[PDB]
Amino acid sequence: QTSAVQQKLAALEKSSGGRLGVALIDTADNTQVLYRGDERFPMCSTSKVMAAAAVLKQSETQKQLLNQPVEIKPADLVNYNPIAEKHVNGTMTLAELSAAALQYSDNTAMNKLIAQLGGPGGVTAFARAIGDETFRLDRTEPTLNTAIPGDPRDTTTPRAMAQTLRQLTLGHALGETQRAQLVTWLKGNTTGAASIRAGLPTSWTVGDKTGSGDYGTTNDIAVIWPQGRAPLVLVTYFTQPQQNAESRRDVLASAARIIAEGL
Ligand SMILES: O=C(O)C[C@@H]1CC[C@H](NC(=O)Cc2cccs2)[B-](O)(O)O1
Ligand SMILES: O=C(O)C[C@@H]1CC[C@H](NC(=O)Cc2cccs2)B(O)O1
Ligand SMILES: [K+]
């Protein structure tokens, strides 16, 4: 079937000229709303959640892991490093790298998380360990954001990412203190106010991770605590036909507004 919400998302997509993917889980009843929910999209910086979570999982058996210093060298800087560049020729702890990757979208920080996990495949292995058979990370920063149409590298589906984000933040994929740390980090994101957040009532609380890539790829994955009801998990992925397309965070806000109006 096609619901009223799905028809509105299709109209938004048609007007946008791009390709939109949405997955909602409403934990009030465990129901789902999907739009292109099983199509693949390039994750771009939303992949930073999986990398940080994989390090949190490692930290469950190493009380000092998050305090471990990691050297930052001039050669480690890439294309977007606002936190890591302040620590060149110094160090950042794994907690600092996680916070920088999640809350500031720092790409050097992400590369250090990936390296701590043994490369992109270590992030994929963690996804598999927590029940996600869809996610794949294949490259480091910055090339994981090329977002080429039809390329399977560094992709997932909306359905898979919503399920995984639920298990990480509201379920038991992580230990209790690690889940709480991930939620704290997401709630302190600096980059999200134009994306899913912008389509929701102002009284609701959001923790999210955005991403930007080539092909105008504009993404957001969020946990949402609405006023008066159980939490939601919402993924909104958007990608466009031209490599140089502009970001369209407003489309994500519009998708979130349609979802919220359908509850
Ligand atoms: O064109 C130029 O004169 C050089 C630019 C300068 C900085 C650029 N980097 C970014 O803007 C980081 C991003 C943040 C969010 C989306 S991209 B670049 O390193 O790509 O090259
Ligand atoms: O969180 C955000 O919205 C911003 C954040 C910026 C860093 C990452 N993007 C890039 O490095 C851009 C690239 C495009 C092609 C190659 S690199 B990420 O996907 O998004
Ligand atoms: K792993």
Side-chain angles (χ1 to χ4, degrees), residues 41-62 65 76-85 94 99-111 113-132 135-149 151 153-156 161 164 168 173-174 185-186 188-198 206-222 235-240 242-253:
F41 292 80
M43 292 179 285
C44 301
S45 291
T46 67
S47 66
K48 292 165 176 157
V49 173
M50 196 74 80
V55 173
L56 284 170
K57 174 57 66 178
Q58 291 181 321
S59 79
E60 294 176 20
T61 52
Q62 294 186 255
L65 182 63
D76 296 336
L77 297 191
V78 291
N79 62 316
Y80 189 59
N81 330 290
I83 311 307
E85 67 188 0
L94 283 166
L102 291 175
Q103 302 188 322
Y104 294 89
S105 230
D106 189 302
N107 275 346
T108 296
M110 172 60 154
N111 279 351
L113 302 178
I114 296 171
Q116 166 61 25
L117 302 164
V123 188
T124 307
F126 171 70
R128 296 293 179 278
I130 65 168
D132 186 330
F135 175 100
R136 53 186 287 176
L137 203 70
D138 297 273
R139 290 171 296 165
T140 61
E141 299 288 359
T143 64
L144 73 88
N145 308 294
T146 51
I148 298 163
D151 189 344
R153 290 176 299 169
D154 309 297
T155 63
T156 196
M161 195 63 246
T164 294
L168 287 174
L174 300 175
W185 280 332
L186 293 169
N189 183 30
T190 70
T191 68
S195 299
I196 283 168
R197 165 83 273 188
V206 177
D208 80 299
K209 181 77 200 76
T210 52
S212 302
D214 281 351
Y215 292 86
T217 298
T218 310
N219 297 335
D220 198 16
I221 69 176
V235 170
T236 59
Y237 279 171
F238 183 68
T239 193
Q240 300 179 72
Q242 293 273 348
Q243 185 174 228
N244 72 353
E246 303 282 314
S247 68
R248 292 297 305 270
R249 295 179 152 184
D250 67 297
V251 170
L252 308 187

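These numbers come from the heavy atoms of this one structure, side chains and all, not from hydrogens, waters or symmetry mates. Counting starts at 1 for both ligands and their atoms, in listed order. In this chain, residues are counted from 1 in sequence order.
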**Student:** Of all the atoms in ligand 1, which lie at a distance below 4.0 Å from a heavy atom belonging to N79?
**Tutor:**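 Those atoms are 9 (N), 10 (C), 12 (C), 19 (O).
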**Student:** Side chain, backbone, both or neither: which applies to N107 and ligand 2 if a contact is any heavy-atom pair less than 4.0 Å apart?
**Tutor:**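 The answer is the side chain of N107.
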**Student:** Does the N or O separation between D214 and ligand 2 drop below 3.5 Å for any pair?
**Tutor:**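 Between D214 and ligand 2, no N or O pair is found under 3.5 Å apart.
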**Student:** Using a distance threshold of 3.4 Å, state whether an N, O or S atom of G122 lies below it from the K ion (ligand 3).
**Tutor:** yes
**Student:** So which heavy atom in the protein is nearest atom 10 (C) of ligand 2, and how far is it from that ligand atom?
**Tutor:** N145 ND2, 3.5 Å
**Student:** Should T191 be counted as touching ligand 2, given the test is an N or O pair under 3.5 Å?
**Tutor:**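 Looking only at distances, the answer is no, because the N/O contact criterion of under 3.5 Å is not met.
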**Student:** More than 12 foreign heavy atoms under 6.0 Å from CD of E60: is that the case here?
**Tutor:**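 Enclosed: over 12 neighbouring heavy atoms sit under 6.0 Å from CD of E60.
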**Student:** Among protein heavy atoms, which lies nearest atom 16 (C) of ligand 1, and at what distance?
**Tutor:** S212 CB, 4.1 Å
**Student:** Side chain, backbone, both or neither: which part of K48 has a heavy atom under 4.0 Å from ligand 2?
**Tutor:**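 Looking at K48 and ligand 2, just side chain atoms fall under 4.0 Å.
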**Student:** Ligand 2 versus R249, non-hydrogen atoms closer than 4.0 Å: side chain, backbone, both, neither?
**Tutor:**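 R249 to ligand 2: side-chain contact only, backbone stays beyond 4.0 Å.
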**Student:** Could you find the nearest protein heavy atom to atom 2 (C) of ligand 2 and give me its residue, atom name and distance?
**Tutor:**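 Residue, atom and distance for the closest contact: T210 OG1, 3.2 Å.
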**Student:** With heavy-atom distances below 4.0 Å as the criterion, list the atoms of ligand 2 near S45.
**Tutor:** 1 (O), 5 (C), 6 (C), 7 (C), 8 (C), 9 (N), 18 (B), 19 (O), 20 (O)
**Student:** Measuring from atom CZ of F135 to atom CZ of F126, what distance do you get when rounded to the nearest 0.5 angstrom?
**Tutor:**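 Reported value, rounded in 0.5 Å steps: 9.5 Å.
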**Student:** Taking distance alone, with no angle check, do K209 and ligand 2 share an N/O pair under 3.5 Å?
**Tutor:**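 Among all N and O atoms of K209, at least one is under 3.5 Å from an N or O of ligand 2.
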**Student:** Checking side chain to side chain donor-acceptor pair (under 3.5 Å) against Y237, which of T218, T46, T217 comes through?
**Tutor:**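 Going through the options one by one, the only one that passes is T46.
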**Student:** Using a strict cut-off of 4.0 Å, indicate which atoms of ligand 2 neighbour a heavy atom of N79.
**Tutor:** 10 (C), 11 (O), 12 (C), 17 (S)
**Student:** Only one of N145, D154, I114 forms a side-chain contact (heavy atoms from CB on, under 4.5 Å) with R139, so which one is it?
**Tutor:**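 Testing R139 for a side-chain contact (heavy atoms from CB on, under 4.5 Å) against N145, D154, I114 leaves exactly one candidate, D154.
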**Student:** Output the list of atoms in ligand 2 that are nearer than 4.0 Å to some heavy atom of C44, sorted by atom number.
**Tutor:** 19 (O)
**Student:** Has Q240 got a side-chain atom pairing as donor or acceptor with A245's backbone, closer than 3.5 angstrom?
**Tutor:**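 Here the side-chain-to-backbone pair does not exist.
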**Student:** Contact between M110 and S47 at the side-chain level, heavy atoms closer than 4.5 Å - yes or no?
**Tutor:**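 Yes, at least one pair of side-chain atoms sits under 4.5 Å.
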**Student:** Verify the contact flag for atom 21 (O) of ligand 1, where contact means a protein heavy atom under 4.0 Å away.
**Tutor:** no
**Student:** Answer yes or no: is there a side-chain heavy-atom contact under 4.5 Å between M50 and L137?
**Tutor:**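 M50 does not reach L137 side chain to side chain.
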**Student:** Do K209 and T191 have side-chain N/O donor and acceptor atoms under 3.5 Å apart?
**Tutor:**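 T191 and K209 do not have a side-chain donor-acceptor pair below 3.5 Å.
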**Student:** Could you work out, for atom 4 (C) of ligand 2, the closest of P142, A194, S212, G192 by heavy-atom distance?
**Tutor:**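 Heavy atom nearest to atom 4 (C) of ligand 2 belongs to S212.
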**Student:** Can you tell me how far the OG atom of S212 sits from the CG atom of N219, to the nearest 0.5 Å?
**Tutor:** 8.0 Å
**Student:** Is it true that the side chains of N79 and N107 contain a donor and an acceptor less than 3.5 Å apart?
**Tutor:** yes
**Student:** Of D208, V49, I221, which meets side-chain contact (heavy atoms from CB on, under 4.5 Å) against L186?
**Tutor:** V49
**Student:** For atom 10 (C) of ligand 1, decide whether some protein heavy-atom distance is shorter than 4.0 Å.
**Tutor:** yes
